[PDB]
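Next comes just one chain, in structure tokens: the form solved without the RNA.
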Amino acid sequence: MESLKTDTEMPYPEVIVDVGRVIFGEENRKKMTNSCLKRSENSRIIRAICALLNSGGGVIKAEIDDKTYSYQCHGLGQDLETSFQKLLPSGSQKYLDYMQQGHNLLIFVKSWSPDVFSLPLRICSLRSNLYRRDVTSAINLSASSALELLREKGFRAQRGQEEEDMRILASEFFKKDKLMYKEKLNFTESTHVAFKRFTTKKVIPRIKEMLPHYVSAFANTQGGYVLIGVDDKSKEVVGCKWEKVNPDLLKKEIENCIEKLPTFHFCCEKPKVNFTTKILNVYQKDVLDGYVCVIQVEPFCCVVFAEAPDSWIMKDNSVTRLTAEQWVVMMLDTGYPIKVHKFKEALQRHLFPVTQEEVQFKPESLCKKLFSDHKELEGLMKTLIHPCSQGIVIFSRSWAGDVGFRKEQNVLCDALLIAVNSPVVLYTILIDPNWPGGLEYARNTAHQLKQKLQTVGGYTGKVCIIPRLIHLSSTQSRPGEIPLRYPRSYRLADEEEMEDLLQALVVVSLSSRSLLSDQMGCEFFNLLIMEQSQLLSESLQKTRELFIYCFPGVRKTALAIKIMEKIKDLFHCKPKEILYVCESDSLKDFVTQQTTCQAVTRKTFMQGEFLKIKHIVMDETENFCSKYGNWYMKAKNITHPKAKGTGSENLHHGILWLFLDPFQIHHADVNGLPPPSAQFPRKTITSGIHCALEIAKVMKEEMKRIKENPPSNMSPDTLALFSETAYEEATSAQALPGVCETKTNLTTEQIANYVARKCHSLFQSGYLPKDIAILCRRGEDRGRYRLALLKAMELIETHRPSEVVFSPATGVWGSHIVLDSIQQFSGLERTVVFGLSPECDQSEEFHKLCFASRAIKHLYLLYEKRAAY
């Protein structure tokens, strides 16, 4: 199966299992003469249901034999119901919904999501086929008891009396060499002896049919003796006729049966199941009559199966039985960030609120682009949605691409309608209605989206995504008829169900690469920064001077802003009494807009005099230069004032927090800081990493390269505090899927064309120009790159709606693309970063870190060709 299988009559998104012709109805089921057909049909239906439960859900199609059968009047069938109850002890309503359309009965099977309150039963099984022996009975363990036994045996392996009277009597019987006719047994059945239903006219068939059960029961429990040749009622040694079957054939059949038994091993030794078969002779008046067989099974280290556990899955459009190995692996279960599942409720409440207002079109950016490019989309969608007042329509250029699958050019956009008391509907808009593959695209996209919701999102409920195909060129909406019918239980019923589906959509979007993924990632990062700021603020009451060491990608500035707010709250000071000192002007304007507290650059700080400043927070401390003056003593004097006699009854100490990034030092001169031995007390922050996995991986590779061959300016002691293990833990905890690409050996025109094409593609998907940052290492190439980019974007944008405007790094907050040097972009970040740098050898490759620290989710490093002289 590449995508799905074609079914014109019932083009459902889900997988369809055809169980052939079945007889349905209580009266018809009872009056069936053929019991074999009854059992076969029941088995087919139950196997299909189990496979659909373990394979994500689906539809079962059955051709109804009687042409006068109505589900409302007749019913389903009693035996099928007993089977359903056996398979689903919790309840069959939560998973199975029935429907009669035409002459076909459709059973809708929900995916087996283990109930949070219930035991974590990963998969559903009819019978474990793991037998454990209670007193005088061998019980086919249920799924829950099977999990009990598996977990107990696993713990035992990983770690490293009248019952005994029955065992002793059975052992004494075993040791005996010969027996007498009508000799009376002095013991009955127990946990360690079983002899009932074992004597027949033909012993071989009964042994083959029944021995596996008792052998599994004895091996799983402790000990056991199986006796063949003892009459059930009278407990005498009747024996088996010698002429009927010789002892050697019976012994070989027994060893064959025990060898065919499936087994699963928790331990390393992996012993086979061991058993001793001893054949006893019975003599009436010293003439041979027959023989009695005793089988002894010792306790077995792990679980032994009577046969393959009859649990089914779906594999290659077919219902497939699960082997013991597969069953135990799937049952014992022997990684998207947890923070997503912690914050999905707040994210849904912020971005996708369930309100009684009119229908909302999201996301705003893509909606604006689509509606400006196509004027009829607003009207067409408003007409199609009607009648619906409450709901959200989530637009995407390609939902299939949004869930990780192929993107189709012929699909203009996809709309996902979520509403209360309505099914989820996926609208696919086509540029040309004559495109043959629209229906397949819609069906596959709906199937993939539902599967992603259930698997990644964690949705545990009945949801139907109905593929509806629409065209802009059509003057009249809803052409033809839509025959897709689902039970009323599959539409969302309350606002809580809508909230749950939207939270699952939040998780799915945050686990993928898309425009919506990027926007919700920004909101997620805001929440994470709030949590980190709250955690770090606890040091305000315990320290006054602190040296904060930050890994690459920590986002020091947001933490600094929120820490400044926390200082204002805690110390009850006026906002203008807190000073933020940075090195770059651009960061100064950024912070000036983001915070009400005072923000100055180092030159202003040294030139000016700050009498009213009570607390100082310094960022970009690595790049500070001491040529103008020694700023550290100034900050110390403003923060730590020496006592002047008795004038100050209670001298105060302020906050002198310095944020340092040892890795990104671009000033070879001395910083003016105290030596690394005097940089105490210190804190290392690793949990601020807010970027893509790809960008974090690039930054870690550069970190390792720097640590292996440290440069002159950096020192071993500062490099020692940063470990790769902590960086992996933080990245796995806090990073989101993204894009990082590298291109080499390109001319200026090729770089310009690549940037123009990528920007056009991103804009078509709903990215705004404020998310694009084009950064060049060498500042003298700004004009050349600007001319090349103007030419490229003019060529690409043939329609040319508005002029292309690039803004300097000062205008980060504005709505324009940023084209400036890396030095001018220090401390500032944007979602998409284009790094235009000349050809770099191994020595100069360290600037990948500088480029990556500026990118949040996209990073396109482009390298120019070597100049020819």
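Numbering starts at 1 and runs along the sequence shown. In this text, rigid core is short for the largest set of C-alphas that superpose within 1.5 Å between two forms.
In what follows, reference is made to the form solved in complex with the RNA, a form of this protein that is not presented.
- Residues placing heavy atoms within 4.5 Å of the RNA in the entry with it bound fall in a single listed stretch, namely 75 to 83, out of 75 to 83, 412 to 420, 520 to 528, 587 to 595.
- Though the partner is left out of this view, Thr199 does reach within 4.5 Å of the RNA in the entry with it bound, counting heavy atoms only.
- In the entry with it bound, at least one heavy atom of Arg39 sits within 4.5 Å of the RNA.
- Shown alone here, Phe305 lies farther than 4.5 Å from the RNA in the entry with it bound, counting heavy atoms only.
- In the entry with it bound, the RNA sits within 4.5 Å of a heavy atom belonging to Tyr214.
- Taking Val425, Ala138, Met498, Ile429 one by one, only a single residue has any non-hydrogen atom within 4.5 Å of the RNA in the entry with it bound, and it is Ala138.
- For the residues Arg206, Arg778, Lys94, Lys576, the 4.5 Å heavy atom test against the RNA in the entry with it bound is passed only by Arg206.
- Only one candidate in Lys196, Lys407, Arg485, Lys574 has its Cα displaced by 2 Å or more between the shown form and the other one after core superposition: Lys196.
- A movement of the C-alpha atom of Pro387 falling short of 2 angstroms is seen between the shown form and the other one when the two forms are aligned on their rigid core.
- Once both forms are overlaid on the rigid core, the distance between the two CA positions of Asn709 between the shown form and the other one is under 2 angstroms.
- Relative to the superposed core, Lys627 shifts its CA atom by less than 2 Å between the shown form and the other one.
- Contraction of the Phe198-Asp289 CA spacing by 3 Å or more is recorded in the entry with it bound, set against this form.
- Figure legend: C-alpha atoms of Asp289 and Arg197, shown here, are separated by at least 3 angstroms less in the entry with it bound.
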